[PDB]
Every structure is written in structure tokens, then in C-alpha cells.
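Trainee: See my_file14.txt below, with compact mmCIF, C-alpha atoms.
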# COMPACT_ATOMS: atom_id res chain seq x y z
CA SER J 371 0.00 0.00 0.00
CA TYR J 372 1.73 3.11 -1.33
CA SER J 373 0.50 6.61 -0.44
CA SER J 374 2.19 9.89 -1.34
CA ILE J 375 0.99 13.43 -0.62
CA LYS J 376 3.20 16.24 -1.92
CA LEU J 377 2.04 19.86 -1.80
CA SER J 378 4.72 22.26 -3.02
CA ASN J 379 4.89 25.98 -3.81
CA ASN J 380 1.15 26.67 -3.49
CA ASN J 381 0.72 30.33 -2.60
CA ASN J 382 -1.92 33.03 -2.19
CA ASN J 383 -4.84 30.67 -2.84
CA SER J 384 -8.38 31.28 -1.59
CA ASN J 385 -10.69 28.31 -1.05
CA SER J 386 -8.70 26.38 -3.64
CA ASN J 387 -6.78 23.15 -4.14
CA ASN J 388 -8.75 21.31 -1.44
CA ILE J 389 -8.91 17.53 -1.92
CA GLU J 390 -11.62 15.31 -0.43
CA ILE J 391 -11.51 11.60 -1.23
CA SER J 392 -13.91 8.93 0.07
CA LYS J 393 -12.94 5.60 -1.49
CA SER J 394 -14.36 2.20 -0.58
CA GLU J 395 -13.13 -1.09 -1.99
CA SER J 396 -13.77 -4.82 -1.69
CA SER N 371 -2.89 -0.12 -3.89
CA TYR N 372 -1.03 2.90 -5.24
CA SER N 373 -2.14 6.44 -4.42
CA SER N 374 -0.45 9.74 -5.26
CA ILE N 375 -1.46 13.38 -4.77
CA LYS N 376 0.78 16.15 -6.11
CA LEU N 377 -0.14 19.83 -5.90
CA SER N 378 2.57 22.08 -7.33
CA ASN N 379 2.83 25.79 -8.10
CA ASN N 380 -0.90 26.56 -7.87
CA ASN N 381 -1.14 30.27 -7.05
CA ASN N 382 -3.72 33.02 -6.62
CA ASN N 383 -6.68 30.70 -7.25
CA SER N 384 -10.20 31.43 -6.00
CA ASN N 385 -12.71 28.63 -5.41
CA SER N 386 -10.75 26.59 -7.93
CA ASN N 387 -8.94 23.28 -8.35
CA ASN N 388 -11.03 21.56 -5.66
CA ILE N 389 -11.30 17.77 -6.01
CA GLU N 390 -14.13 15.83 -4.36
CA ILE N 391 -14.13 12.10 -5.13
CA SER N 392 -16.50 9.44 -3.78
CA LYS N 393 -15.70 6.07 -5.37
CA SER N 394 -17.31 2.80 -4.27
CA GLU N 395 -16.22 -0.61 -5.56
CA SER N 396 -17.40 -4.17 -4.98
CA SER L 371 -5.87 -0.11 -7.63
CA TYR L 372 -3.95 2.81 -9.11
CA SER L 373 -4.97 6.40 -8.35
CA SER L 374 -3.17 9.63 -9.23
CA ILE L 375 -3.91 13.33 -8.81
CA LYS L 376 -1.62 16.04 -10.19
CA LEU L 377 -2.45 19.75 -10.03
CA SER L 378 0.38 21.83 -11.49
CA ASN L 379 0.79 25.49 -12.44
CA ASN L 380 -2.90 26.43 -12.26
CA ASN L 381 -2.99 30.15 -11.49
CA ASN L 382 -5.49 32.97 -11.06
CA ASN L 383 -8.54 30.75 -11.56
CA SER L 384 -12.01 31.72 -10.34
CA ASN L 385 -14.59 28.98 -9.74
CA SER L 386 -12.73 26.83 -12.25
CA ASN L 387 -11.09 23.42 -12.53
CA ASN L 388 -13.22 21.90 -9.76
CA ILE L 389 -13.63 18.12 -10.10
CA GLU L 390 -16.55 16.27 -8.50
CA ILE L 391 -16.61 12.51 -9.09
CA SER L 392 -19.07 9.97 -7.65
CA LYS L 393 -18.50 6.52 -9.14
CA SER L 394 -20.09 3.24 -8.07
CA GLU L 395 -19.06 -0.16 -9.42
CA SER L 396 -20.64 -3.47 -8.39
CA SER Y 371 -9.02 0.03 -11.09
CA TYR Y 372 -6.92 2.74 -12.76
CA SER Y 373 -7.78 6.39 -12.18
CA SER Y 374 -5.79 9.44 -13.24
CA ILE Y 375 -6.47 13.16 -12.80
CA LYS Y 376 -4.13 15.77 -14.25
CA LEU Y 377 -4.69 19.54 -14.21
CA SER Y 378 -1.83 21.55 -15.71
CA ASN Y 379 -1.32 25.16 -16.76
CA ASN Y 380 -4.97 26.25 -16.59
CA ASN Y 381 -4.94 29.98 -15.88
CA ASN Y 382 -7.33 32.92 -15.53
CA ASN Y 383 -10.47 30.80 -15.98
CA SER Y 384 -13.89 31.93 -14.73
CA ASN Y 385 -16.54 29.29 -14.03
CA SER Y 386 -14.78 27.02 -16.50
CA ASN Y 387 -13.21 23.57 -16.78
CA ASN Y 388 -15.35 22.15 -13.95
CA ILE Y 389 -15.95 18.39 -14.11
CA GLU Y 390 -18.95 16.77 -12.41
CA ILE Y 391 -19.19 13.02 -13.01
CA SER Y 392 -21.82 10.74 -11.44
CA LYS Y 393 -21.39 7.20 -12.77
CA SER Y 394 -23.09 3.97 -11.71
CA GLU Y 395 -22.35 0.44 -12.87
CA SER Y 396 -24.00 -2.87 -11.99
CA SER B 371 -11.92 0.07 -14.95
CA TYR B 372 -9.85 2.83 -16.57
CA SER B 373 -10.63 6.51 -16.03
CA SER B 374 -8.50 9.47 -17.09
CA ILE B 375 -9.03 13.23 -16.81
CA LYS B 376 -6.56 15.66 -18.38
CA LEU B 377 -7.14 19.43 -18.34
CA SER B 378 -4.17 21.24 -19.87
CA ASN B 379 -3.47 24.76 -21.12
CA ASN B 380 -7.05 26.07 -20.87
CA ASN B 381 -6.84 29.82 -20.30
CA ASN B 382 -9.12 32.85 -20.07
CA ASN B 383 -12.38 30.90 -20.33
CA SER B 384 -15.73 32.13 -19.02
CA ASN B 385 -18.52 29.63 -18.29
CA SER B 386 -16.89 27.25 -20.77
CA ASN B 387 -15.45 23.73 -20.97
CA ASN B 388 -17.64 22.51 -18.09
CA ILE B 389 -18.39 18.77 -18.12
CA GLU B 390 -21.42 17.27 -16.37
CA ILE B 391 -21.81 13.51 -16.87
CA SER B 392 -24.49 11.36 -15.23
CA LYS B 393 -24.10 7.83 -16.60
CA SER B 394 -25.96 4.69 -15.52
CA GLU B 395 -25.03 1.23 -16.76
CA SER B 396 -26.85 -1.92 -15.62
CA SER G 371 3.01 -0.10 3.71
CA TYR G 372 4.59 3.15 2.53
CA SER G 373 3.29 6.61 3.47
CA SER G 374 4.88 9.95 2.60
CA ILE G 375 3.46 13.40 3.34
CA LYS G 376 5.61 16.31 2.18
CA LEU G 377 4.38 19.88 2.64
CA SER G 378 6.85 22.50 1.44
CA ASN G 379 6.89 26.20 0.59
CA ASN G 380 3.13 26.82 0.84
CA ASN G 381 2.53 30.43 1.88
CA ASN G 382 -0.26 32.98 2.34
CA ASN G 383 -3.05 30.48 1.67
CA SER G 384 -6.64 30.86 2.89
CA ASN G 385 -8.88 27.80 3.27
CA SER G 386 -6.74 26.06 0.66
CA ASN G 387 -4.61 22.95 0.16
CA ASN G 388 -6.59 20.94 2.73
CA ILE G 389 -6.65 17.17 2.18
CA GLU G 390 -9.27 14.83 3.64
CA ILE G 391 -9.02 11.13 2.74
CA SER G 392 -11.44 8.46 3.99
CA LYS G 393 -10.17 5.27 2.35
CA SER G 394 -11.41 1.76 3.12
CA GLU G 395 -10.05 -1.45 1.62
CA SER G 396 -10.68 -5.18 2.04
CA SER X 371 -22.60 32.59 -14.50
CA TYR X 372 -22.85 28.80 -14.63
CA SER X 373 -26.07 27.37 -13.21
CA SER X 374 -27.25 23.77 -13.54
CA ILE X 375 -30.59 22.87 -11.94
CA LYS X 376 -32.29 19.46 -11.93
CA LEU X 377 -35.56 18.97 -10.03
CA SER X 378 -37.34 15.65 -10.52
CA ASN X 379 -39.90 13.59 -8.59
CA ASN X 380 -40.38 16.03 -5.70
CA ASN X 381 -44.03 15.63 -4.69
CA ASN X 382 -46.49 16.84 -2.05
CA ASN X 383 -43.98 19.25 -0.50
CA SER X 384 -44.93 22.25 1.64
CA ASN X 385 -42.52 25.16 2.11
CA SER X 386 -39.71 22.72 1.35
CA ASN X 387 -36.77 22.32 -1.02
CA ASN X 388 -36.30 26.06 -1.52
CA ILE X 389 -32.76 26.99 -2.60
CA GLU X 390 -31.38 30.54 -2.52
CA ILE X 391 -27.84 31.27 -3.72
CA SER X 392 -26.99 34.97 -3.60
CA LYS X 393 -23.63 36.66 -4.08
CA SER X 394 -22.93 40.38 -3.90
CA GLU X 395 -19.53 41.76 -4.85
CA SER X 396 -17.82 45.14 -4.64
CA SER P 371 -20.91 32.02 -9.97
CA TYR P 372 -20.85 28.24 -10.40
CA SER P 373 -24.01 26.64 -9.02
CA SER P 374 -25.09 23.02 -9.44
CA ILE P 375 -28.41 21.98 -7.90
CA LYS P 376 -29.89 18.47 -8.01
CA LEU P 377 -33.11 17.84 -6.06
CA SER P 378 -34.71 14.44 -6.58
CA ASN P 379 -37.29 12.29 -4.80
CA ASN P 380 -38.00 14.64 -1.88
CA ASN P 381 -41.61 14.01 -0.86
CA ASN P 382 -44.10 15.08 1.80
CA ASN P 383 -41.71 17.54 3.47
CA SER P 384 -42.82 20.49 5.60
CA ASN P 385 -40.58 23.53 6.16
CA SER P 386 -37.67 21.19 5.45
CA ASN P 387 -34.70 20.90 3.09
CA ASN P 388 -34.36 24.67 2.63
CA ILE P 389 -30.85 25.72 1.57
CA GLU P 390 -29.59 29.30 1.78
CA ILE P 391 -26.13 30.35 0.59
CA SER P 392 -25.29 34.04 0.83
CA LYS P 393 -21.93 35.74 0.34
CA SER P 394 -21.39 39.50 0.52
CA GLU P 395 -17.95 40.70 -0.55
CA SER P 396 -16.26 44.07 -0.20
CA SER Q 371 -19.05 31.37 -5.62
CA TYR Q 372 -18.91 27.60 -6.13
CA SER Q 373 -22.03 25.89 -4.81
CA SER Q 374 -22.92 22.22 -5.31
CA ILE Q 375 -26.21 21.00 -3.84
CA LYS Q 376 -27.66 17.48 -4.02
CA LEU Q 377 -30.83 16.62 -2.09
CA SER Q 378 -32.08 13.07 -2.62
CA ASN Q 379 -34.78 10.93 -0.99
CA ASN Q 380 -35.51 13.24 1.95
CA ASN Q 381 -39.10 12.51 2.95
CA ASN Q 382 -41.66 13.39 5.61
CA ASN Q 383 -39.46 15.94 7.38
CA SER Q 384 -40.59 18.85 9.57
CA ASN Q 385 -38.37 21.89 10.17
CA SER Q 386 -35.42 19.65 9.33
CA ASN Q 387 -32.42 19.49 7.00
CA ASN Q 388 -32.28 23.28 6.74
CA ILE Q 389 -28.78 24.45 5.78
CA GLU Q 390 -27.75 28.12 5.94
CA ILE Q 391 -24.30 29.32 4.86
CA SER Q 392 -23.58 33.04 5.20
CA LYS Q 393 -20.35 34.98 4.79
CA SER Q 394 -19.81 38.73 4.96
CA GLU Q 395 -16.49 40.41 4.21
CA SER Q 396 -15.01 43.89 4.51
CA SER R 371 -17.45 30.68 -1.36
CA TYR R 372 -16.91 26.97 -2.05
CA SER R 373 -19.93 25.14 -0.62
CA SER R 374 -20.73 21.47 -1.22
CA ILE R 375 -23.97 20.06 0.21
CA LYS R 376 -25.26 16.48 -0.07
CA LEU R 377 -28.43 15.44 1.76
CA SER R 378 -29.55 11.87 1.09
CA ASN R 379 -32.17 9.63 2.74
CA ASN R 380 -33.06 11.78 5.76
CA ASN R 381 -36.63 10.91 6.73
CA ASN R 382 -39.21 11.67 9.42
CA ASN R 383 -37.07 14.27 11.21
CA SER R 384 -38.35 17.05 13.47
CA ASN R 385 -36.25 20.17 14.13
CA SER R 386 -33.20 18.06 13.28
CA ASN R 387 -30.21 18.03 10.93
CA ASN R 388 -30.19 21.84 10.71
CA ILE R 389 -26.73 23.19 9.87
CA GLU R 390 -25.83 26.88 10.12
CA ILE R 391 -22.45 28.28 9.08
CA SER R 392 -21.83 32.01 9.44
CA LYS R 393 -18.61 33.99 9.14
CA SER R 394 -18.22 37.75 9.58
CA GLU R 395 -14.95 39.49 8.78
CA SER R 396 -13.73 43.07 9.10
CA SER O 371 -15.23 30.13 2.90
CA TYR O 372 -14.91 26.39 2.35
CA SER O 373 -17.91 24.38 3.55
CA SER O 374 -18.60 20.70 2.89
CA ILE O 375 -21.79 19.12 4.24
CA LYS O 376 -22.95 15.51 3.89
CA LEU O 377 -26.04 14.32 5.77
CA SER O 378 -27.05 10.76 4.89
CA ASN O 379 -29.52 8.34 6.49
CA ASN O 380 -30.50 10.40 9.54
CA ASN O 381 -34.05 9.39 10.46
CA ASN O 382 -36.69 9.88 13.16
CA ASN O 383 -34.70 12.50 15.07
CA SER O 384 -36.12 15.19 17.37
CA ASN O 385 -34.16 18.39 18.03
CA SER O 386 -30.97 16.51 17.17
CA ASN O 387 -27.95 16.72 14.86
CA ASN O 388 -28.09 20.52 14.72
CA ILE O 389 -24.72 22.08 13.86
CA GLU O 390 -23.93 25.78 14.28
CA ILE O 391 -20.55 27.24 13.30
CA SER O 392 -20.04 30.95 13.95
CA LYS O 393 -16.95 33.09 13.40
CA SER O 394 -16.83 36.85 14.02
CA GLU O 395 -13.63 38.78 13.32
CA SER O 396 -12.53 42.35 13.97
CA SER Z 371 -13.27 29.38 7.30
CA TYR Z 372 -12.94 25.64 6.70
CA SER Z 373 -15.94 23.58 7.81
CA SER Z 374 -16.39 19.88 7.04
CA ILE Z 375 -19.56 18.19 8.30
CA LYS Z 376 -20.46 14.51 7.90
CA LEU Z 377 -23.55 13.21 9.71
CA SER Z 378 -24.56 9.64 8.86
CA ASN Z 379 -26.87 7.02 10.36
CA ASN Z 380 -27.97 9.02 13.41
CA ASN Z 381 -31.48 7.82 14.21
CA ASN Z 382 -34.09 8.15 16.97
CA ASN Z 383 -32.28 10.88 18.90
CA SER Z 384 -33.84 13.45 21.23
CA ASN Z 385 -32.01 16.70 22.03
CA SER Z 386 -28.76 14.91 21.16
CA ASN Z 387 -25.79 15.17 18.80
CA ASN Z 388 -25.96 18.98 18.78
CA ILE Z 389 -22.68 20.74 17.97
CA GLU Z 390 -21.97 24.45 18.45
CA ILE Z 391 -18.66 26.05 17.47
CA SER Z 392 -18.39 29.79 18.10
CA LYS Z 393 -15.39 32.12 17.93
CA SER Z 394 -15.28 35.90 18.36
CA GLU Z 395 -11.97 37.64 17.62
CA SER Z 396 -11.42 41.31 18.41
Would you give me this structure, written as C-alpha cells?

Mentor:
Amino acid sequence: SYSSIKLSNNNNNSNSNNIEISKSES
Amino acid sequence: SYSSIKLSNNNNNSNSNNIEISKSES
Amino acid sequence: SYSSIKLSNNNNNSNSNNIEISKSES
Amino acid sequence: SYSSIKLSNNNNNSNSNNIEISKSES
Amino acid sequence: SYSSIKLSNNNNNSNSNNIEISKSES
Amino acid sequence: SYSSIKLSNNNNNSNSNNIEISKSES
Amino acid sequence: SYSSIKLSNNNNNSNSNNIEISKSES
Amino acid sequence: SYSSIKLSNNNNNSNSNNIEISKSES
Amino acid sequence: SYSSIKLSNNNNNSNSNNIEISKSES
Amino acid sequence: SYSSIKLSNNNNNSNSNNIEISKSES
Amino acid sequence: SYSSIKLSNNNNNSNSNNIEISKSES
Amino acid sequence: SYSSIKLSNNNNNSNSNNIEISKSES
């Protein structure tokens, strides 16, 4: 199970670049 | 199970680039 | 189960580039 | 499953490039 | 299941390039 | 199981770059 | 400037399901 | 400026399900 | 400025499910 | 600004599930 | 400024599940 | 500012599950 979150050089944003993930698997 | 999130050089955005994912699998 | 998200160099956007995904798979 | 999302070099957009996907599969 | 989304070099758009997909598959 | 969170050089952001992941696997 | 509305199969309602989205800017 | 509304199968409600979104900017 | 609303199968409610979102700025 | 609302299968409620969000700035 | 709301399968409640979020600045 | 709300499967409650968050800054 490989997970990688990398947020770089994100500036001056308003209400932006928000990530919401709801994943279900069987 | 590979997952990767990369946000780079996103600037001065308003109410933009928002990701909302709801995936269900069986 | 491969998943990837890459947001790069998206600037000065207003109410744009918003992704909303709701997938179901039986 | 394979899923890819890539947003690159989208600038100065108003109310544009929004994706809203609601898929079902039995 | 393969899904790909690629938004590149879309600039200065107003109320354009919006995608709204509601797909059902039994 | 590999996890990597890297937050770098994100400045002057308002209500932005937030990540919420609710992932379930079997 | 982008408005998508879908109302279907809402029956026998009383003072219900009223949506008001207002924005003022200056 | 981007508004997506989807009301379906809401029945026999009374003074319920009312949504108000207001934003004044200055 | 980005508003996504989805009401589905809400039935026989009384003074319920009422959402109000307000924001004033100066 | 960014507001995502999803109400699904809420039935027979009385004075319940009411959400208020208010923000005042100066 | 960023608000995400998801109410699903809340039934037969009385004066319950009421959420108030207030923020005053000066 | 940032508000995420997820209420699911809360049934037959009386005067319960009520959440208030208030902040006044001066």
C-alpha cells in the first residue's frame, strides 16, 4: 500500500486546491 | 494499492482546483 | 488499484477546474 | 481500477473547466 | 476500470469547458 | 506499507490545500 | 454565470426544497 | 458564480430541506 | 461562488435538513 | 465561497439536521 | 469560505444533529 | 473558514448530537 501526498509551492490561494476523497473497496 | 497526490505551483486561485471524489467498488 | 492526482501550475482561476466525481461499481 | 487526474497550466479561468461526473455500474 | 481526466493549457475561459456527466449502466 | 506526506513552501493560503481522505479497503 | 438545476420527482412538498444562492460583490 | 443543484425524490416535506447560501464581498 | 447542492430521498421531514451558509467580508 | 452540500435519505425528522455556518470578517 | 456538508440516512430524530458554526472577526 | 460536516446514520435521537462552534476575535 503506497501513499504519497506532496504539496509544493502553493501560494496566495483562496478556497482552492482542497482535496476530499472517500474511497471504498472490496 | 497505489495512491499519489501532487499539488505544485498553484497560485492566486479562488474557489478553484477543488477535487471531491466518492468512489465505491465491490 | 492505481490512483493519481496532479495539479500543477494552475494560477489565477475563479470557480474553475473543480472536479466532482461519484463513481459506483458493483 | 486505474484512475488518473491531471490539471496543468490552466490559468485565468472563470466558471470554466469544472468536471462533475456521477457514474453507476452494476 | 480505466478513467483518465486531463485538463491542460485552458486559459481565459468564461462559463466554458464545463463537463457534467451522469451515466448509468446496468 | 509506505506513506509519505511532504508539505513544502506553501505560503499565504486561505482555506486552501486541505486534504481529507477516507479510504477503506478489504 | 454557470447554473445547472435538476428537479425531478419532488411531490407533495410544503414550504420545502427552496434553494437561494446569492452573491454580492464590490 | 458556479451553481449546481440536483433535487430528486424529496416528498411530503414540511418547512424542510431549505438551503440558503449568501456571500457578501467588499 | 462555487455551490454544489444534491438533495435526494428526503421525505416526511418537519423543520429539518435546513442548511444556511452566510459569509460577509469587509 | 466553495460550498458542497449532499443530503440523502433523511426521513421523518423534526427540528433536526439543521446546519448553520456564518462567518463575519472586518 | 470552504464548507462541505454531507447528511445521509438520519431518520426519526427530534431536536438533534443541529450544527452551528459561527466566526466573528474584527 | 474551513468547515467539514459529515452526519450519517444518526437515528431516533432526542435533544442529542448537537454541535456548536463559536469564535469571536477582536

Trainee: Please compute the atom CA of residue O:380-atom CA of residue R:381 distance, one decimal, in Å.

Mentor: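 Interatomic distance, atom CA of residue O:380 to atom CA of residue R:381: 6.8 Å.
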
Trainee: Would you list the residues near (-18.9, 18.7, 1.5) (no more than 10 Å away, in the coordinates of the file, using all atoms listed in the file) as a ChimeraX atom specification?

Mentor: /J:390 /N:390 /Q:374-375 /R:372-376 /O:372-377 /Z:373-376

Trainee: After a least-squares superposition on chain B using every in-order C-alpha pair, I'd like chain O written out as a compact mmCIF listing (two decimals) with C-alpha atoms, in the frame of the given file.

Mentor:
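Wrote it out as superposed22.txt, contents follow:
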# COMPACT_ATOMS: atom_id res chain seq x y z
CA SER O 371 -13.76 2.58 -14.16
CA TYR O 372 -10.97 3.92 -16.36
CA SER O 373 -10.73 7.72 -16.42
CA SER O 374 -7.92 9.79 -17.93
CA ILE O 375 -8.07 13.59 -17.69
CA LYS O 376 -5.56 16.12 -19.03
CA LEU O 377 -6.36 19.84 -18.90
CA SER O 378 -3.47 22.04 -20.02
CA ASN O 379 -3.26 25.75 -20.86
CA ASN O 380 -6.95 26.64 -20.60
CA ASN O 381 -7.14 30.30 -19.58
CA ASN O 382 -9.62 33.15 -19.11
CA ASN O 383 -12.69 30.98 -19.68
CA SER O 384 -16.21 31.66 -18.38
CA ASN O 385 -18.68 28.79 -17.93
CA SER O 386 -16.74 26.82 -20.53
CA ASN O 387 -14.99 23.47 -21.01
CA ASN O 388 -17.27 21.72 -18.52
CA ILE O 389 -17.49 17.96 -19.13
CA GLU O 390 -20.12 15.71 -17.55
CA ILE O 391 -20.18 11.95 -18.16
CA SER O 392 -23.00 10.00 -16.53
CA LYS O 393 -23.83 6.30 -16.77
CA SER O 394 -26.68 4.63 -14.86
CA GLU O 395 -27.25 0.89 -15.22
CA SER O 396 -29.97 -1.47 -14.03

Trainee: I need every residue sitting at most 10 Å from the point (-19.6, -3.4, -17.2) (coordinates as in the file, all atoms listed in the file considered), written as a PyMOL selection string.

Mentor: (chain L and resi 395-396) or (chain Y and resi 394-396) or (chain B and resi 371+395-396)

Trainee: For residue R:384, please output as a count of residues only all residues within 6 Å (counting all atoms listed in the file; exclusion window: fewer than 2 positions along the same chain).

Mentor: 5

Trainee: Could you tell me how far atom CA of residue O:382 lies from atom CA of residue R:389, in Å and to one decimal?

Mentor: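 Atom CA of residue R:389 lies at a distance of 16.9 Å from atom CA of residue O:382.
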
Trainee: Would you mind reading off the distance between atom CA of residue N:387 and atom CA of residue J:388, one decimal, in Å?

Mentor: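 These atoms are spaced 7.2 Å apart.
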
Trainee: Take stretch 371-394 of chain B, bring it up to N, CA and C atoms, and give me the output as a compact mmCIF listing (two decimals), keeping the file's coordinate frame.

Mentor:
# COMPACT_ATOMS: atom_id res chain seq x y z
N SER B 371 -11.31 -1.29 -14.84
CA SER B 371 -11.92 0.07 -14.95
C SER B 371 -10.84 1.13 -15.10
N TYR B 372 -10.81 1.78 -16.26
CA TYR B 372 -9.85 2.83 -16.57
C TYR B 372 -10.58 4.16 -16.68
N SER B 373 -10.09 5.16 -15.96
CA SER B 373 -10.63 6.51 -16.03
C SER B 373 -9.47 7.50 -16.04
N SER B 374 -9.53 8.46 -16.96
CA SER B 374 -8.50 9.47 -17.09
C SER B 374 -9.15 10.83 -17.30
N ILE B 375 -8.59 11.85 -16.65
CA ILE B 375 -9.03 13.23 -16.81
C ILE B 375 -7.79 14.09 -16.97
N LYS B 376 -7.72 14.83 -18.07
CA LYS B 376 -6.56 15.66 -18.38
C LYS B 376 -7.05 17.02 -18.84
N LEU B 377 -6.82 18.04 -18.02
CA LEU B 377 -7.14 19.43 -18.34
C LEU B 377 -5.83 20.20 -18.43
N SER B 378 -5.46 20.61 -19.64
CA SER B 378 -4.17 21.24 -19.87
C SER B 378 -4.32 22.49 -20.72
N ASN B 379 -3.64 23.56 -20.31
CA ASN B 379 -3.47 24.76 -21.12
C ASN B 379 -4.81 25.34 -21.56
N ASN B 380 -5.76 25.43 -20.63
CA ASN B 380 -7.05 26.07 -20.87
C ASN B 380 -7.05 27.40 -20.13
N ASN B 381 -7.05 28.50 -20.88
CA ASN B 381 -6.84 29.82 -20.30
C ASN B 381 -7.96 30.78 -20.70
N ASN B 382 -8.27 31.70 -19.78
CA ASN B 382 -9.12 32.85 -20.07
C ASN B 382 -10.51 32.44 -20.55
N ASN B 383 -11.06 31.39 -19.96
CA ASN B 383 -12.38 30.90 -20.33
C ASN B 383 -13.42 31.36 -19.33
N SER B 384 -14.61 31.69 -19.84
CA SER B 384 -15.73 32.13 -19.02
C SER B 384 -16.91 31.21 -19.27
N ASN B 385 -17.34 30.50 -18.23
CA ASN B 385 -18.52 29.63 -18.29
C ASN B 385 -18.39 28.59 -19.39
N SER B 386 -17.18 28.10 -19.63
CA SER B 386 -16.89 27.25 -20.77
C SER B 386 -16.15 25.99 -20.31
N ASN B 387 -16.20 24.97 -21.17
CA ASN B 387 -15.45 23.73 -20.97
C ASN B 387 -15.87 23.02 -19.69
N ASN B 388 -17.11 23.21 -19.26
CA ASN B 388 -17.64 22.51 -18.09
C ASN B 388 -18.24 21.18 -18.54
N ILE B 389 -17.94 20.12 -17.79
CA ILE B 389 -18.39 18.77 -18.12
C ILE B 389 -19.27 18.27 -16.99
N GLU B 390 -20.45 17.78 -17.34
CA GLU B 390 -21.42 17.27 -16.37
C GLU B 390 -21.97 15.96 -16.92
N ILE B 391 -21.49 14.84 -16.37
CA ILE B 391 -21.81 13.51 -16.87
C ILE B 391 -22.54 12.74 -15.78
N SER B 392 -23.72 12.23 -16.11
CA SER B 392 -24.49 11.36 -15.23
C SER B 392 -24.82 10.10 -16.02
N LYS B 393 -24.02 9.05 -15.81
CA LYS B 393 -24.10 7.83 -16.60
C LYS B 393 -24.54 6.68 -15.72
N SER B 394 -25.49 5.89 -16.20
CA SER B 394 -25.96 4.69 -15.52
C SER B 394 -25.82 3.51 -16.47
